């Protein structure tokens, strides 16, 4: 989960077409490889507003806390018994 | 009289392949009703 720590700013992907000679992926978008890295969301929004970029923001998705019990795998009367191990 | 020379455990010379399971079938009538988990299996 170490790549999920920082806020990124990317852009909309524009056209990538085929090179007539070699079949390579040609582009005309200069900002197609431009990915920035921010410590917080607010730094990212301030940088986007400072540069006049229209932005939209997804909130951070953290995994919810789970109730892990190794004893639940061997219960007396619950469906959460494992059939094998 | 007291004896210490003869080996008294000679009954296992005449056990067949279903001795244990016939003894379990005989003992099934001497036992208490089993407890229940409330369901038929953990997949129920």
Are there strands (runs of 3 or more DSSP E) fully within chain A with at least 2 residues that are without any contact (Cβ under 8 Å) to a residue 60 or more places away in the chain and either within 14 Å of chain B (Cβ to nearest Cβ) or in contact with a helix residue (DSSP H, G or I) (Cβ under 9 Å, 6 or more places away or on another chain) (or both)? List them. A:7-9, A:36-38
For residue B:10, are the conditions met, namely being free of Cβ contacts under 8 Å to residues at least 40 places away in the same chain, surrounded by 10 or more Cβ atoms within 10 Å (Cβ to Cβ) and more than 30 Å from residue A:80 (Cβ to Cβ)? no
Is it the case that residue B:37 is within 30 Å of residue A:73 (Cα to Cα) and surrounded by 10 or more Cβ atoms within 10 Å (Cβ to Cβ)? yes
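Using ideal geometry, Cβ is built from the backbone for each residue, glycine included, and neighbour counts are taken over all protein chains shown. Coordinate-derived values only; no laboratory data.
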